[PDB]
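Asker: See run.cif below, with mmCIF, N, CA and C atoms.
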data_data
#
loop_
_atom_site.group_PDB
_atom_site.id
_atom_site.type_symbol
_atom_site.label_atom_id
_atom_site.label_comp_id
_atom_site.auth_asym_id
_atom_site.auth_seq_id
_atom_site.Cartn_x
_atom_site.Cartn_y
_atom_site.Cartn_z
ATOM 1 N N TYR X 1 163.787 51.560 145.002
ATOM 2 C CA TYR X 1 164.211 52.270 146.194
ATOM 3 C C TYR X 1 165.305 53.273 145.836
ATOM 4 N N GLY X 2 165.705 54.067 146.820
ATOM 5 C CA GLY X 2 166.770 55.026 146.626
ATOM 6 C C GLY X 2 166.310 56.294 145.931
ATOM 7 N N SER X 3 167.254 57.226 145.793
ATOM 8 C CA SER X 3 166.935 58.538 145.241
ATOM 9 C C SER X 3 166.640 58.467 143.749
ATOM 10 N N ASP X 4 167.301 57.552 143.032
ATOM 11 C CA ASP X 4 167.188 57.510 141.576
ATOM 12 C C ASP X 4 165.743 57.412 141.116
ATOM 13 N N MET X 5 164.866 56.853 141.952
ATOM 14 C CA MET X 5 163.470 56.692 141.568
ATOM 15 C C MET X 5 162.834 58.016 141.176
ATOM 16 N N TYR X 6 163.259 59.125 141.789
ATOM 17 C CA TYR X 6 162.644 60.403 141.446
ATOM 18 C C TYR X 6 162.858 60.723 139.973
ATOM 19 N N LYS X 7 164.017 60.345 139.429
ATOM 20 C CA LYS X 7 164.298 60.614 138.024
ATOM 21 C C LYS X 7 163.298 59.931 137.105
ATOM 22 N N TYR X 8 162.623 58.885 137.583
ATOM 23 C CA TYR X 8 161.617 58.232 136.756
ATOM 24 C C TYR X 8 160.231 58.816 136.977
ATOM 25 N N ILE X 9 159.993 59.442 138.131
ATOM 26 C CA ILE X 9 158.663 59.966 138.422
ATOM 27 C C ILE X 9 158.329 61.112 137.476
ATOM 28 N N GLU X 10 159.274 62.022 137.283
ATOM 29 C CA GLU X 10 159.196 63.031 136.239
ATOM 30 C C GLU X 10 160.121 62.608 135.110
ATOM 31 N N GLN X 11 159.634 62.681 133.876
ATOM 32 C CA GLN X 11 160.375 62.086 132.772
ATOM 33 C C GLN X 11 161.625 62.893 132.457
ATOM 34 N N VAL X 12 162.601 62.855 133.367
ATOM 35 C CA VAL X 12 163.846 63.582 133.168
ATOM 36 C C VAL X 12 164.540 63.063 131.919
ATOM 37 N N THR X 13 165.026 63.980 131.084
ATOM 38 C CA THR X 13 165.795 63.624 129.895
ATOM 39 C C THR X 13 167.110 64.389 129.923
ATOM 40 N N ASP X 14 168.184 63.720 130.328
ATOM 41 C CA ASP X 14 169.512 64.318 130.357
ATOM 42 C C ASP X 14 170.095 64.298 128.953
ATOM 43 N N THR X 15 170.333 65.478 128.396
ATOM 44 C CA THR X 15 170.964 65.622 127.094
ATOM 45 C C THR X 15 172.385 66.123 127.296
ATOM 46 N N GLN X 16 173.337 65.500 126.609
ATOM 47 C CA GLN X 16 174.737 65.883 126.708
ATOM 48 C C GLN X 16 175.367 65.762 125.333
ATOM 49 N N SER X 17 176.179 66.747 124.960
ATOM 50 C CA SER X 17 176.769 66.790 123.633
ATOM 51 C C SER X 17 178.176 67.361 123.712
ATOM 52 N N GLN X 18 178.884 67.287 122.588
ATOM 53 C CA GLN X 18 180.232 67.822 122.479
ATOM 54 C C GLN X 18 180.597 67.945 121.010
ATOM 55 N N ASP X 19 181.166 69.089 120.639
ATOM 56 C CA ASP X 19 181.606 69.344 119.274
ATOM 57 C C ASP X 19 183.078 69.719 119.285
ATOM 58 N N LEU X 20 183.853 69.124 118.383
ATOM 59 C CA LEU X 20 185.263 69.453 118.217
ATOM 60 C C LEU X 20 185.519 69.743 116.749
ATOM 61 N N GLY X 21 186.015 70.940 116.454
ATOM 62 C CA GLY X 21 186.256 71.357 115.089
ATOM 63 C C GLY X 21 187.687 71.814 114.887
ATOM 64 N N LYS X 22 188.169 71.665 113.655
ATOM 65 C CA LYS X 22 189.482 72.150 113.262
ATOM 66 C C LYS X 22 189.389 72.714 111.854
ATOM 67 N N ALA X 23 190.328 73.594 111.519
ATOM 68 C CA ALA X 23 190.339 74.202 110.199
ATOM 69 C C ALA X 23 191.755 74.627 109.846
ATOM 70 N N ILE X 24 192.093 74.487 108.569
ATOM 71 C CA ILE X 24 193.382 74.903 108.032
ATOM 72 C C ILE X 24 193.134 75.561 106.685
ATOM 73 N N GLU X 25 193.796 76.685 106.436
ATOM 74 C CA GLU X 25 193.632 77.381 105.167
ATOM 75 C C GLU X 25 194.933 78.079 104.808
ATOM 76 N N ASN X 26 195.410 77.849 103.585
ATOM 77 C CA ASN X 26 196.627 78.473 103.082
ATOM 78 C C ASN X 26 196.292 79.236 101.814
ATOM 79 N N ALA X 27 196.553 80.538 101.815
ATOM 80 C CA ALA X 27 196.322 81.391 100.660
ATOM 81 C C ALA X 27 197.659 81.855 100.105
ATOM 82 N N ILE X 28 197.856 81.670 98.804
ATOM 83 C CA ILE X 28 199.080 82.067 98.123
ATOM 84 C C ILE X 28 198.702 82.950 96.946
ATOM 85 N N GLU X 29 199.371 84.092 96.818
ATOM 86 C CA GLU X 29 199.055 85.046 95.767
ATOM 87 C C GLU X 29 200.338 85.571 95.140
ATOM 88 N N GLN X 30 200.309 85.734 93.821
ATOM 89 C CA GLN X 30 201.414 86.308 93.071
ATOM 90 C C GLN X 30 200.869 87.396 92.161
ATOM 91 N N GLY X 31 201.675 88.416 91.910
ATOM 92 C CA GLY X 31 201.245 89.529 91.087
ATOM 93 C C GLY X 31 202.393 90.097 90.282
ATOM 94 N N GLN X 32 202.045 90.684 89.140
ATOM 95 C CA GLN X 32 202.991 91.373 88.276
ATOM 96 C C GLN X 32 202.369 92.674 87.796
ATOM 97 N N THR X 33 203.204 93.689 87.599
ATOM 98 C CA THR X 33 202.756 94.971 87.079
ATOM 99 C C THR X 33 203.723 95.434 86.003
ATOM 100 N N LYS X 34 203.257 96.358 85.169
ATOM 101 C CA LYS X 34 204.081 96.910 84.102
ATOM 102 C C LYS X 34 203.444 98.198 83.615
ATOM 103 N N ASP X 35 204.193 99.296 83.680
ATOM 104 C CA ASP X 35 203.688 100.590 83.255
ATOM 105 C C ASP X 35 204.704 101.264 82.348
ATOM 106 N N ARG X 36 204.199 102.056 81.409
ATOM 107 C CA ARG X 36 205.034 102.879 80.551
ATOM 108 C C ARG X 36 204.429 104.268 80.468
ATOM 109 N N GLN X 37 205.270 105.250 80.166
ATOM 110 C CA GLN X 37 204.804 106.618 80.009
ATOM 111 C C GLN X 37 205.707 107.335 79.021
ATOM 112 N N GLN X 38 205.099 108.022 78.059
ATOM 113 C CA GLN X 38 205.832 108.748 77.029
ATOM 114 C C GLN X 38 205.245 110.143 76.908
ATOM 115 N N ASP X 39 206.059 111.159 77.174
ATOM 116 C CA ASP X 39 205.619 112.543 77.131
ATOM 117 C C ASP X 39 206.297 113.279 75.986
ATOM 118 N N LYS X 40 205.640 114.334 75.515
ATOM 119 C CA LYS X 40 206.214 115.243 74.537
ATOM 120 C C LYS X 40 205.793 116.659 74.888
ATOM 121 N N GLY X 41 206.733 117.588 74.802
ATOM 122 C CA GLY X 41 206.459 118.970 75.140
ATOM 123 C C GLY X 41 206.984 119.897 74.068
ATOM 124 N N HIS X 42 206.416 121.098 74.032
ATOM 125 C CA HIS X 42 206.806 122.112 73.067
ATOM 126 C C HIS X 42 206.451 123.469 73.658
ATOM 127 N N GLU X 43 207.298 124.464 73.407
ATOM 128 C CA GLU X 43 207.061 125.804 73.921
ATOM 129 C C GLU X 43 207.579 126.816 72.911
ATOM 130 N N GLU X 44 206.956 127.993 72.895
ATOM 131 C CA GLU X 44 207.319 129.046 71.959
ATOM 132 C C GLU X 44 207.224 130.400 72.645
ATOM 133 N N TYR X 45 208.358 131.082 72.765
ATOM 134 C CA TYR X 45 208.395 132.448 73.259
ATOM 135 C C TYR X 45 208.212 133.419 72.103
ATOM 136 N N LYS X 46 207.753 134.623 72.432
ATOM 137 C CA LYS X 46 207.737 135.733 71.488
ATOM 138 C C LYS X 46 207.566 137.011 72.289
ATOM 139 N N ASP X 47 208.576 137.877 72.275
ATOM 140 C CA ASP X 47 208.563 139.092 73.076
ATOM 141 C C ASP X 47 208.877 140.295 72.202
ATOM 142 N N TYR X 48 208.298 141.439 72.552
ATOM 143 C CA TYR X 48 208.578 142.703 71.890
ATOM 144 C C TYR X 48 208.874 143.760 72.943
ATOM 145 N N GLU X 49 209.704 144.735 72.580
ATOM 146 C CA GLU X 49 210.180 145.749 73.515
ATOM 147 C C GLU X 49 210.167 147.104 72.832
ATOM 148 N N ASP X 50 209.491 148.075 73.439
ATOM 149 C CA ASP X 50 209.597 149.472 73.041
ATOM 150 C C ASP X 50 209.947 150.293 74.270
ATOM 151 N N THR X 51 211.027 151.059 74.183
ATOM 152 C CA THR X 51 211.418 151.976 75.241
ATOM 153 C C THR X 51 211.793 153.306 74.613
ATOM 154 N N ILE X 52 211.261 154.392 75.162
ATOM 155 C CA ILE X 52 211.536 155.733 74.665
ATOM 156 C C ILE X 52 211.832 156.624 75.859
ATOM 157 N N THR X 53 213.042 157.172 75.905
ATOM 158 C CA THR X 53 213.472 158.043 76.988
ATOM 159 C C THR X 53 213.773 159.424 76.428
ATOM 160 N N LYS X 54 213.183 160.449 77.037
ATOM 161 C CA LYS X 54 213.462 161.835 76.691
ATOM 162 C C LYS X 54 213.840 162.571 77.964
ATOM 163 N N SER X 55 215.101 162.984 78.062
ATOM 164 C CA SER X 55 215.617 163.644 79.253
ATOM 165 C C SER X 55 216.016 165.068 78.902
ATOM 166 N N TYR Y 1 150.847 64.203 148.803
ATOM 167 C CA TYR Y 1 150.710 65.247 149.805
ATOM 168 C C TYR Y 1 151.763 66.327 149.571
ATOM 169 N N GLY Y 2 151.712 67.380 150.375
ATOM 170 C CA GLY Y 2 152.695 68.437 150.273
ATOM 171 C C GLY Y 2 152.464 69.339 149.077
ATOM 172 N N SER Y 3 153.380 70.297 148.920
ATOM 173 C CA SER Y 3 153.226 71.304 147.876
ATOM 174 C C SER Y 3 153.562 70.755 146.497
ATOM 175 N N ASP Y 4 154.483 69.790 146.421
ATOM 176 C CA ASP Y 4 154.959 69.308 145.129
ATOM 177 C C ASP Y 4 153.825 68.798 144.256
ATOM 178 N N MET Y 5 152.722 68.363 144.871
ATOM 179 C CA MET Y 5 151.584 67.872 144.105
ATOM 180 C C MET Y 5 151.120 68.887 143.074
ATOM 181 N N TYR Y 6 151.172 70.180 143.406
ATOM 182 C CA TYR Y 6 150.697 71.183 142.459
ATOM 183 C C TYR Y 6 151.465 71.109 141.147
ATOM 184 N N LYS Y 7 152.752 70.758 141.200
ATOM 185 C CA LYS Y 7 153.534 70.646 139.975
ATOM 186 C C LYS Y 7 152.921 69.625 139.028
ATOM 187 N N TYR Y 8 152.418 68.515 139.567
ATOM 188 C CA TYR Y 8 151.782 67.510 138.724
ATOM 189 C C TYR Y 8 150.384 67.930 138.304
ATOM 190 N N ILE Y 9 149.740 68.798 139.085
ATOM 191 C CA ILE Y 9 148.354 69.165 138.813
ATOM 192 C C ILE Y 9 148.263 69.919 137.497
ATOM 193 N N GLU Y 10 149.196 70.839 137.275
ATOM 194 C CA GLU Y 10 149.285 71.648 136.064
ATOM 195 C C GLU Y 10 150.620 71.299 135.418
ATOM 196 N N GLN Y 11 150.577 70.671 134.245
ATOM 197 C CA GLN Y 11 151.775 70.081 133.660
ATOM 198 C C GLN Y 11 152.894 71.103 133.560
ATOM 199 N N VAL Y 12 153.939 70.895 134.353
ATOM 200 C CA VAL Y 12 155.068 71.808 134.449
ATOM 201 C C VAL Y 12 156.289 71.111 133.877
ATOM 202 N N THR Y 13 156.973 71.777 132.952
ATOM 203 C CA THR Y 13 158.187 71.251 132.341
ATOM 204 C C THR Y 13 159.334 72.205 132.633
ATOM 205 N N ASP Y 14 160.291 71.755 133.435
ATOM 206 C CA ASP Y 14 161.491 72.526 133.727
ATOM 207 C C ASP Y 14 162.567 72.142 132.726
ATOM 208 N N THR Y 15 163.094 73.131 132.015
ATOM 209 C CA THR Y 15 164.119 72.910 131.011
ATOM 210 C C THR Y 15 165.337 73.755 131.349
ATOM 211 N N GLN Y 16 166.515 73.144 131.278
ATOM 212 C CA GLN Y 16 167.770 73.850 131.474
ATOM 213 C C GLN Y 16 168.676 73.604 130.282
ATOM 214 N N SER Y 17 169.778 74.345 130.237
ATOM 215 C CA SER Y 17 170.786 74.157 129.207
ATOM 216 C C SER Y 17 172.062 74.852 129.647
ATOM 217 N N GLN Y 18 173.153 74.531 128.959
ATOM 218 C CA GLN Y 18 174.417 75.226 129.172
ATOM 219 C C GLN Y 18 175.325 74.926 127.995
ATOM 220 N N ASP Y 19 175.748 75.964 127.281
ATOM 221 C CA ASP Y 19 176.688 75.829 126.177
ATOM 222 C C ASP Y 19 177.982 76.524 126.562
ATOM 223 N N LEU Y 20 179.090 75.795 126.503
ATOM 224 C CA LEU Y 20 180.404 76.342 126.803
ATOM 225 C C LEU Y 20 181.289 76.208 125.574
ATOM 226 N N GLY Y 21 181.665 77.340 124.992
ATOM 227 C CA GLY Y 21 182.404 77.355 123.746
ATOM 228 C C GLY Y 21 183.822 77.852 123.936
ATOM 229 N N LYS Y 22 184.714 77.375 123.076
ATOM 230 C CA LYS Y 22 186.100 77.806 123.048
ATOM 231 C C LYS Y 22 186.543 77.855 121.597
ATOM 232 N N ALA Y 23 187.373 78.837 121.260
ATOM 233 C CA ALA Y 23 187.814 78.992 119.884
ATOM 234 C C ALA Y 23 189.107 79.783 119.855
ATOM 235 N N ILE Y 24 190.125 79.224 119.210
ATOM 236 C CA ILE Y 24 191.406 79.888 119.015
ATOM 237 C C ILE Y 24 191.714 79.898 117.526
ATOM 238 N N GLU Y 25 191.998 81.079 116.989
ATOM 239 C CA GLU Y 25 192.332 81.244 115.582
ATOM 240 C C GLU Y 25 193.693 81.907 115.470
ATOM 241 N N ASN Y 26 194.578 81.310 114.680
ATOM 242 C CA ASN Y 26 195.944 81.791 114.526
ATOM 243 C C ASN Y 26 196.203 82.019 113.046
ATOM 244 N N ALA Y 27 196.570 83.245 112.687
ATOM 245 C CA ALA Y 27 196.794 83.614 111.296
ATOM 246 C C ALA Y 27 198.179 84.219 111.149
ATOM 247 N N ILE Y 28 198.932 83.738 110.165
ATOM 248 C CA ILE Y 28 200.262 84.248 109.854
ATOM 249 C C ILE Y 28 200.266 84.709 108.407
ATOM 250 N N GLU Y 29 200.646 85.964 108.185
ATOM 251 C CA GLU Y 29 200.650 86.556 106.854
ATOM 252 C C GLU Y 29 202.037 87.093 106.548
ATOM 253 N N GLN Y 30 202.560 86.753 105.373
ATOM 254 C CA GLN Y 30 203.843 87.261 104.909
ATOM 255 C C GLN Y 30 203.664 87.872 103.530
ATOM 256 N N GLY Y 31 204.379 88.961 103.267
ATOM 257 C CA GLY Y 31 204.292 89.617 101.979
ATOM 258 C C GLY Y 31 205.611 90.190 101.511
ATOM 259 N N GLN Y 32 205.871 90.108 100.212
ATOM 260 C CA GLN Y 32 207.073 90.664 99.612
ATOM 261 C C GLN Y 32 206.690 91.550 98.438
ATOM 262 N N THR Y 33 207.468 92.606 98.223
ATOM 263 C CA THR Y 33 207.212 93.557 97.154
ATOM 264 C C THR Y 33 208.529 93.954 96.511
ATOM 265 N N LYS Y 34 208.541 94.016 95.182
ATOM 266 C CA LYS Y 34 209.719 94.420 94.430
ATOM 267 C C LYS Y 34 209.300 95.399 93.347
ATOM 268 N N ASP Y 35 209.941 96.565 93.318
ATOM 269 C CA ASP Y 35 209.638 97.605 92.347
ATOM 270 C C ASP Y 35 210.907 97.991 91.604
ATOM 271 N N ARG Y 36 210.734 98.526 90.399
ATOM 272 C CA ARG Y 36 211.863 98.960 89.588
ATOM 273 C C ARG Y 36 211.399 100.052 88.640
ATOM 274 N N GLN Y 37 211.999 101.232 88.755
ATOM 275 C CA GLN Y 37 211.646 102.371 87.923
ATOM 276 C C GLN Y 37 212.856 102.801 87.110
ATOM 277 N N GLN Y 38 212.630 103.087 85.830
ATOM 278 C CA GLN Y 38 213.686 103.529 84.926
ATOM 279 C C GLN Y 38 213.134 104.650 84.061
ATOM 280 N N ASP Y 39 213.757 105.822 84.131
ATOM 281 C CA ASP Y 39 213.268 107.001 83.434
ATOM 282 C C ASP Y 39 214.346 107.562 82.522
ATOM 283 N N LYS Y 40 213.910 108.343 81.537
ATOM 284 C CA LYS Y 40 214.807 109.015 80.609
ATOM 285 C C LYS Y 40 214.254 110.397 80.314
ATOM 286 N N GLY Y 41 215.119 111.394 80.315
ATOM 287 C CA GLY Y 41 214.712 112.756 80.011
ATOM 288 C C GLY Y 41 215.630 113.383 78.988
ATOM 289 N N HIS Y 42 215.077 114.309 78.210
ATOM 290 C CA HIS Y 42 215.834 115.006 77.176
ATOM 291 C C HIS Y 42 215.067 116.250 76.766
ATOM 292 N N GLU Y 43 215.694 117.416 76.905
ATOM 293 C CA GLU Y 43 215.075 118.667 76.488
ATOM 294 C C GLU Y 43 216.110 119.545 75.805
ATOM 295 N N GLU Y 44 215.690 120.219 74.739
ATOM 296 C CA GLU Y 44 216.543 121.102 73.961
ATOM 297 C C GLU Y 44 215.774 122.377 73.650
ATOM 298 N N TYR Y 45 216.495 123.483 73.474
ATOM 299 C CA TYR Y 45 215.853 124.775 73.287
ATOM 300 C C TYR Y 45 216.740 125.701 72.467
ATOM 301 N N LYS Y 46 216.106 126.722 71.889
ATOM 302 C CA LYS Y 46 216.773 127.732 71.078
ATOM 303 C C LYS Y 46 216.113 129.076 71.349
ATOM 304 N N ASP Y 47 216.914 130.142 71.386
ATOM 305 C CA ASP Y 47 216.392 131.489 71.575
ATOM 306 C C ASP Y 47 217.142 132.477 70.694
ATOM 307 N N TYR Y 48 216.442 133.540 70.305
ATOM 308 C CA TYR Y 48 217.017 134.640 69.540
ATOM 309 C C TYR Y 48 216.338 135.927 69.973
ATOM 310 N N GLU Y 49 217.128 136.943 70.314
ATOM 311 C CA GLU Y 49 216.564 138.252 70.617
ATOM 312 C C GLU Y 49 217.505 139.328 70.101
ATOM 313 N N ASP Y 50 216.972 140.230 69.279
ATOM 314 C CA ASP Y 50 217.743 141.285 68.637
ATOM 315 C C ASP Y 50 217.271 142.636 69.149
ATOM 316 N N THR Y 51 218.201 143.439 69.658
ATOM 317 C CA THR Y 51 217.882 144.750 70.210
ATOM 318 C C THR Y 51 218.600 145.828 69.412
ATOM 319 N N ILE Y 52 217.840 146.795 68.904
ATOM 320 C CA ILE Y 52 218.373 147.915 68.138
ATOM 321 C C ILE Y 52 217.990 149.202 68.853
ATOM 322 N N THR Y 53 218.982 150.046 69.133
ATOM 323 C CA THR Y 53 218.775 151.258 69.912
ATOM 324 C C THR Y 53 219.216 152.482 69.124
ATOM 325 N N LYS Y 54 218.526 153.597 69.353
ATOM 326 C CA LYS Y 54 218.894 154.895 68.809
ATOM 327 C C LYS Y 54 218.903 155.907 69.942
ATOM 328 N N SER Y 55 219.874 156.817 69.921
ATOM 329 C CA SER Y 55 219.979 157.849 70.942
ATOM 330 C C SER Y 55 220.389 159.166 70.302
#
As a first step, turn the structure in this file into structure tokens.
Answerer:
Amino acid sequence: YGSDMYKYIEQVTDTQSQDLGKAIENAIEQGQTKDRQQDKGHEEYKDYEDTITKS
Amino acid sequence: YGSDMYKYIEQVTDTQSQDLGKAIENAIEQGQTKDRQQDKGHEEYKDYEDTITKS
């Protein structure tokens, strides 16, 4: 008797679920660098001059 | 009797669902940087120019 009988007339299947998740992550990084630079330069001038004035 | 009989006449399957999700992600990032530059310079030069004039 009662209403519940209908749930048996059609094969009702009540599915119920629950998921609980957690996560933790720690990333640690270290770095080092080192650079050097060595330059060398050289230059050479060479000039010539001719001037002629007639007044 | 009634209309509901038709549901049984032709096999009818009513399916429902409901997924309710929640998600919180918290990220904390810290960074440090240390630099150090040390340079050295040195330049030397020599010049010679000789001018001879006639008038």
Asker: Measure the distance from atom CA of residue X:38 to atom C of residue Y:36 in Å and round it to one decimal.
Answerer: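 Result for atom CA of residue X:38 versus atom C of residue Y:36: 15.5 Å, one decimal.
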Asker: Apply the PyMOL selection byres (((chain X and resi 34 and name CA) around 12) and name CA) to the displayed file and report the matching residues as a ChimeraX atom specification.
Answerer: /X:31-33,35-37 /Y:35-38
Asker: Enumerate, as a PyMOL selection string, the complete set of residues in chain X that a backbone-based DSSP assignment places in helix (DSSP H, G or I).
Answerer: chain X and resi 5-9
Asker: Can you give chain Y as a short mmCIF file (atom, residue, chain, number, x, y, z; two decimals) with N, CA and C atoms, in the coordinates of the input after you superpose it on chain X, pairing all C-alpha atoms in order for the least-squares fit?
Answerer:
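Saved the output as superposed_30.cif:
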data_model
loop_
_atom_site.label_atom_id
_atom_site.label_comp_id
_atom_site.auth_asym_id
_atom_site.auth_seq_id
_atom_site.Cartn_x
_atom_site.Cartn_y
_atom_site.Cartn_z
N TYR Y 1 163.80 51.64 144.82
CA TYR Y 1 164.19 52.28 146.06
C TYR Y 1 165.26 53.33 145.79
N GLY Y 2 165.67 54.04 146.83
CA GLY Y 2 166.71 55.03 146.69
C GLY Y 2 166.23 56.30 146.01
N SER Y 3 167.18 57.22 145.82
CA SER Y 3 166.83 58.53 145.28
C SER Y 3 166.57 58.48 143.78
N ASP Y 4 167.24 57.57 143.06
CA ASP Y 4 167.15 57.55 141.61
C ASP Y 4 165.71 57.42 141.13
N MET Y 5 164.84 56.84 141.95
CA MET Y 5 163.44 56.68 141.57
C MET Y 5 162.82 58.01 141.16
N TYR Y 6 163.20 59.10 141.83
CA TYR Y 6 162.59 60.39 141.50
C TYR Y 6 162.83 60.74 140.04
N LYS Y 7 163.98 60.35 139.48
CA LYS Y 7 164.26 60.64 138.08
C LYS Y 7 163.19 60.04 137.18
N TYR Y 8 162.73 58.83 137.50
CA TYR Y 8 161.69 58.20 136.70
C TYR Y 8 160.32 58.79 137.00
N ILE Y 9 160.14 59.35 138.19
CA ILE Y 9 158.83 59.84 138.60
C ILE Y 9 158.41 61.01 137.72
N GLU Y 10 159.34 61.91 137.45
CA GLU Y 10 159.13 63.09 136.61
C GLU Y 10 160.08 62.94 135.43
N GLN Y 11 159.53 62.76 134.23
CA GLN Y 11 160.34 62.36 133.08
C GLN Y 11 161.50 63.32 132.88
N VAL Y 12 162.71 62.81 133.10
CA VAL Y 12 163.93 63.59 133.04
C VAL Y 12 164.75 63.09 131.85
N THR Y 13 165.16 64.01 130.99
CA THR Y 13 165.99 63.69 129.83
C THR Y 13 167.30 64.44 129.94
N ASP Y 14 168.39 63.71 130.13
CA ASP Y 14 169.73 64.29 130.16
C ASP Y 14 170.31 64.24 128.76
N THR Y 15 170.71 65.39 128.24
CA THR Y 15 171.27 65.50 126.91
C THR Y 15 172.65 66.13 126.99
N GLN Y 16 173.61 65.54 126.29
CA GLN Y 16 174.95 66.09 126.20
C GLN Y 16 175.33 66.24 124.74
N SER Y 17 176.45 66.91 124.50
CA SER Y 17 176.99 67.06 123.16
C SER Y 17 178.44 67.51 123.27
N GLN Y 18 179.15 67.41 122.15
CA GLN Y 18 180.51 67.94 122.07
C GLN Y 18 180.89 68.04 120.60
N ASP Y 19 181.20 69.24 120.14
CA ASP Y 19 181.66 69.46 118.77
C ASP Y 19 183.10 69.94 118.83
N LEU Y 20 183.98 69.23 118.12
CA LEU Y 20 185.39 69.60 118.05
C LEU Y 20 185.76 69.87 116.60
N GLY Y 21 186.08 71.11 116.30
CA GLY Y 21 186.33 71.53 114.93
C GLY Y 21 187.79 71.88 114.71
N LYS Y 22 188.24 71.70 113.47
CA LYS Y 22 189.58 72.07 113.04
C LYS Y 22 189.49 72.60 111.63
N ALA Y 23 190.30 73.61 111.32
CA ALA Y 23 190.25 74.22 110.00
C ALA Y 23 191.56 74.92 109.72
N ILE Y 24 192.18 74.59 108.59
CA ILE Y 24 193.41 75.23 108.14
C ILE Y 24 193.17 75.74 106.73
N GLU Y 25 193.44 77.03 106.51
CA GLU Y 25 193.28 77.66 105.21
C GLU Y 25 194.61 78.27 104.79
N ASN Y 26 195.05 77.95 103.58
CA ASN Y 26 196.34 78.41 103.07
C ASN Y 26 196.10 79.13 101.75
N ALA Y 27 196.51 80.39 101.68
CA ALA Y 27 196.30 81.21 100.49
C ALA Y 27 197.62 81.78 100.02
N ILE Y 28 197.89 81.64 98.73
CA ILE Y 28 199.10 82.18 98.10
C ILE Y 28 198.67 83.11 96.98
N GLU Y 29 199.15 84.35 97.03
CA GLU Y 29 198.79 85.37 96.05
C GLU Y 29 200.05 85.93 95.42
N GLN Y 30 200.06 86.00 94.09
CA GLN Y 30 201.17 86.59 93.35
C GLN Y 30 200.62 87.65 92.40
N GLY Y 31 201.37 88.73 92.23
CA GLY Y 31 200.95 89.80 91.35
C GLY Y 31 202.10 90.45 90.61
N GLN Y 32 201.87 90.81 89.35
CA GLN Y 32 202.86 91.50 88.54
C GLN Y 32 202.24 92.75 87.94
N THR Y 33 203.06 93.79 87.78
CA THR Y 33 202.60 95.06 87.24
C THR Y 33 203.66 95.61 86.29
N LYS Y 34 203.22 96.13 85.15
CA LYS Y 34 204.11 96.72 84.17
C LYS Y 34 203.50 98.03 83.69
N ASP Y 35 204.28 99.11 83.77
CA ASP Y 35 203.83 100.43 83.36
C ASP Y 35 204.80 101.01 82.35
N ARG Y 36 204.31 101.93 81.53
CA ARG Y 36 205.14 102.58 80.52
C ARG Y 36 204.56 103.95 80.21
N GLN Y 37 205.35 104.99 80.45
CA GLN Y 37 204.92 106.36 80.21
C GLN Y 37 205.82 107.00 79.17
N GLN Y 38 205.21 107.72 78.23
CA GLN Y 38 205.95 108.41 77.17
C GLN Y 38 205.32 109.78 76.97
N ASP Y 39 206.11 110.84 77.16
CA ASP Y 39 205.61 112.20 77.10
C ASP Y 39 206.38 113.00 76.06
N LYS Y 40 205.76 114.09 75.61
CA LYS Y 40 206.37 115.01 74.67
C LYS Y 40 205.98 116.43 75.05
N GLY Y 41 206.95 117.33 75.02
CA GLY Y 41 206.69 118.73 75.33
C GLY Y 41 207.28 119.64 74.28
N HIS Y 42 206.65 120.80 74.10
CA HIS Y 42 207.10 121.78 73.12
C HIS Y 42 206.46 123.12 73.44
N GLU Y 43 207.27 124.14 73.68
CA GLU Y 43 206.76 125.48 73.94
C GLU Y 43 207.62 126.50 73.22
N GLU Y 44 206.97 127.52 72.66
CA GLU Y 44 207.63 128.59 71.93
C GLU Y 44 207.02 129.92 72.34
N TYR Y 45 207.81 130.99 72.25
CA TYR Y 45 207.36 132.29 72.73
C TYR Y 45 208.05 133.41 71.96
N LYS Y 46 207.43 134.59 72.02
CA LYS Y 46 207.93 135.79 71.37
C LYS Y 46 207.63 136.98 72.27
N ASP Y 47 208.56 137.94 72.32
CA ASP Y 47 208.36 139.15 73.10
C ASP Y 47 208.91 140.36 72.35
N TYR Y 48 208.30 141.51 72.61
CA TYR Y 48 208.74 142.79 72.06
C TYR Y 48 208.48 143.87 73.09
N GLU Y 49 209.49 144.68 73.40
CA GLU Y 49 209.29 145.82 74.28
C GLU Y 49 210.16 146.97 73.80
N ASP Y 50 209.53 148.12 73.56
CA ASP Y 50 210.19 149.31 73.03
C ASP Y 50 210.15 150.41 74.08
N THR Y 51 211.32 150.96 74.41
CA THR Y 51 211.43 152.01 75.42
C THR Y 51 211.99 153.27 74.78
N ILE Y 52 211.27 154.38 74.92
CA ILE Y 52 211.68 155.67 74.40
C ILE Y 52 211.79 156.64 75.56
N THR Y 53 212.94 157.30 75.68
CA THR Y 53 213.22 158.18 76.81
C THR Y 53 213.55 159.58 76.33
N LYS Y 54 213.17 160.57 77.14
CA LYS Y 54 213.54 161.96 76.93
C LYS Y 54 214.11 162.52 78.22
N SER Y 55 215.14 163.35 78.11
CA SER Y 55 215.77 163.96 79.27
C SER Y 55 216.14 165.40 78.97
#
Asker: Under the PyMOL selection byres (((chain Y and resi 24 and name CA) around 12) and name CA), which residues of this model are included? Write them out as an MDAnalysis selection string.
Answerer: (chainID X and resid 21:23) or (chainID Y and resid 21:23 25:27)
Asker: Once the PyMOL selection byres (((chain Y and resi 50 and name CA) around 12) and name CA) has been evaluated on this model, what residues remain selected, and can you format them as a list in words?
Answerer: residues 46, 47, 48 and 49 of chain X; 47, 48, 49, 51, 52 and 53 of chain Y
Asker: Return as JSON the centre and edge lengths, in Å with one decimal, of the box along x, y and z that encloses every atom of stretch 22-34 of chain Y in the file, padded by 8 Å per side.
Answerer:
{"center_x": 197.2, "center_y": 86.4, "center_z": 108.2, "size_x": 41.0, "size_y": 34.0, "size_z": 45.7}
Asker: Can you tell me how far atom N of residue Y:18 sits from atom N of residue X:7, in Å to one decimal?
Answerer: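 Pair atom N of residue Y:18 / atom N of residue X:7 returns 19.9 Å.
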Asker: What does the distance from atom C of residue X:30 to atom N of residue Y:39 come to in Å, to one decimal?
Answerer: 23.9 Å
